[PDB]
């Protein structure tokens, strides 16, 4: 399935994605994909679900997630804009220095111009995170099929 990869830059970014009413805003993680049988006709969906399961163990399971809870993102620019607006809102002036650090680290790990990008958007009746009063949330997957590698970026505030 998915194997967590070490990345010191991501560790540093994760340290800064905090407000420690102290709490963690989000987290960025890198995973290697393990080969699937060719008899699997929907390998991308399989990996997205496996990535959610690995990242959110033992809190939440996504094995019953529906295809329509996932989308392919047509535009890298749109995702960058969406993330930047959200994080600026949560981290404020401290995002100024974190912004380039974050995107540089992600690009070096996954090669953004080469990635297929996806999002997970839970159905309201199937939302594991519950009623946590957040104003926004995102769960993005940057999947480099050549590298067989996925960066998972999940935040809310």
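Positions refer to the first chain, counted from 1.
(request) Mind giving me a quick count class for deposited residues absent from the model between residue 20 and residue 21? Options are none, 1 to 3, 4 to 9, 10 or more. (result) Gap size class: 1 to 3 residues without coordinates, per the record.
(request) Quick one: say whether 122 to 130 or 98 to 106 has the higher mean Cα B-factor in the deposited entry. (result) Between 98 to 106 and 122 to 130, it is 122 to 130 that shows the higher mean C-alpha B-factor.
(request) For the higher mean C-alpha B factor in the entry, choose 43 to 51 or 110 to 118. (result) In the deposited entry, the stretch with the higher C-alpha B-factor mean is 110 to 118.
(message) Quiz for you: based on the deposited Cα B-factor, which of 92, 27, 57, 68 is highest?
(response) Max CA B-factor in the entry, restricted to 92, 27, 57, 68: 92.
(request) Within this chain's modelled residues, let me know which third the CA B factor of residue 157 belongs to: lowest, middle or highest. (result) It belongs to the middle third of the chain when residues are ordered by C-alpha B-factor.
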